[PDB]
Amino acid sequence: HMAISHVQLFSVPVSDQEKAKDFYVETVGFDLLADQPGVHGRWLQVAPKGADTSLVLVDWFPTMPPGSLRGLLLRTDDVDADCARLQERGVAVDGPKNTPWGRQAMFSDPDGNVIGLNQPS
């Protein structure tokens, strides 16, 4: 068996990092983990409070254009209240809808990356 424990982090392609920081931290409610120099420029890292896996808001992978990400799903304990909060903050939300795999909604970040919310049935 391998010694891998979990995904430490993955990357979300953004164009404007200040606008992405403000979206993920203020609108979506993530903690800011880091905002500091990195190897290809500004390293901006965010995550839900307490979570093992974080997100890096980067602009330096040509194969990942800003806004190209899909199929990112966030677990929430209250999808209905989260959707209402997003809507109050000016975000267009699709759903929530009951699905076979939980009650789910979708929304986009400022670049067009698509983010899902899922609350178990």
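Counting begins at 1, following the sequence as shown. Heads up, when I say rigid core I mean the largest set of C-alphas that superpose within 1.5 Å between the two forms.
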**OP:** Going by root mean square C-alpha distance after a core fit, say whether 74-82 or 47-55 is farther from the shown form in 5 other deposited structures of this protein.
**Re:** 47-55
Original post:
Between 33-41 and 88-96, which one strays more from this form in 5 other deposited structures of this protein if you match the rigid core and compare Cα atoms?
Top reply: 33-41
Original post:
Per the entry, where is the mean C-alpha temperature factor higher: 67-75 or 32-40?
Top reply: 32-40
Original post:
Looking at the deposited entry, does 91-99 or 48-56 carry the larger mean Cα B-factor?
Top reply: 91-99
Subject >> Which of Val7, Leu117, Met2, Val114 ranks first by CA B-factor in the deposited coordinates >> reply: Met2
Subject >> For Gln17, the third of its chain into which the C-alpha B factor falls >> reply: highest
